[PDB]
Each structure stands twice: as structure tokens, then as C-alpha cells.
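**Q** Number 171 marks the last residue of the sequence shown (the authors' numbering); no jumps. Quick reminder that beta carbons are idealized off the backbone N, C-alpha and C, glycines included.
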Amino acid sequence: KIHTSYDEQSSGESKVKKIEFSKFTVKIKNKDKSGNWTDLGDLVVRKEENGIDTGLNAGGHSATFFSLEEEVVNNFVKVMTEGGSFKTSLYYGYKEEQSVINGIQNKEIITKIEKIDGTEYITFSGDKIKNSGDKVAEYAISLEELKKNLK
Numbered sequence: 021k022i023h024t025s026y027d028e029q030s031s032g033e034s035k036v037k038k039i040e041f042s043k044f045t046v047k048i049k050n051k052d053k054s055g056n057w058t059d060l061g062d063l064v065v066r067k068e069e070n071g072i073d074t075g076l077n078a079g080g081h082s083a084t085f086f087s088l089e090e091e092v093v094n095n096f097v098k099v100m101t102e103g104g105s106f107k108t109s110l111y112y113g114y115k116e117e118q119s120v121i122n123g124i125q126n127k128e129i130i131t132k133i134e135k136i137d138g139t140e141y142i143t144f145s146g147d148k149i150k151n152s153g154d155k156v157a158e159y160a161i162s163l164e165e166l167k168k169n170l171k
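#1: In whole angstroms, give me the CA-to-CA distance for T101 and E68.
#2: Which residue's Cα is closest to the Cα of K49: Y26, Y111, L163 and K148?
#3: Of all the alpha helix (DSSP H) runs that stay within the bounds of the region 75-108, which reach a length of 4 or more residues?
#4: What three-state label does DSSP hand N70 in the structure shown?
#5: If you count every other CB in all the chains shown that lies within 10 Å of the CB of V46, and 16 or more means buried, which is it?
#6: Quick check: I133 and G103, are their CB atoms within less than 8 Å of each other?
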């Protein structure tokens, strides 16, 4: 007879990243199968010359979340501190979705302000996933943490 086993665990935390004048990072939550907001990770907003480019950064995975043209830079910032509806150059979303396979060009993003737990959040209608039932992938970002870098 033989018997063997193994187990390992590791973690770390630090606040050492590129300056606010180059990129910034904010919270992000998603709607589960129960239709309730649940934590997902963080959103790295990179301030490029030719628009804005954003990337989801969860506890074991990362990818492009959405991106917009130079003509939408101030426009996106407006709908992300006050709400509104402007088109985006590309919308990929998080993994396990129908858009993330390739991306959606010219994708219409309709934002709205809503509270959740005493902080003001912003929610928006993404692509139509195939793991829920003809629904849209919906999310929530701390509008109060966006304002810190959107003002």
C-alpha cells in the first residue's frame, strides 16, 4: 500500500504602482446568477493618447474589460461621474462571456448611478452572455473612487 498528500498557500499586499498621471485602479463588482452585486476584483484604467483602455484584475486572472476612442475620453468620464450613454471603440468584458472571444466594435454603453451599501456605484449593460439566459452582463464600479481620478 501507499499514501501521500501535498498542500501549499501564499499571499501578498502592496501599494507600489505607476503614477495617477499614467494609470489608476478602482473597484469592480458583477451580478451573479442570484441577480445580486458580488465582488470581482479591480479595474486598471490606462490613460493612453488615443482614448482610454481598461483592464479587469481579479484574484487569479486579468484581461481587457473595455476601451474607447480619443473622441470619448471626456465623454466616458462624464457618464462615469454623472451617468449617460456613449458608444465605445471596443467592449471585451471579463472571461466566460460571448464578447470576450473577439470583442464588440462600436458597442453602446448605457451607464446609471445607483447606491448599494452607502457608497454611490455606477452600473452598465455589457454584452449578452450565454451562461445566464439571454441576459446582459451587468457590473458595478465605485463612482466615488472613479471621481478621485476623473475630476
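**A** Working from what's here:
#1: 20 Å
#2: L163
#3: 93-99
#4: coil
#5: buried
#6: Cβ atoms of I133 and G103: closer than 8 Å.
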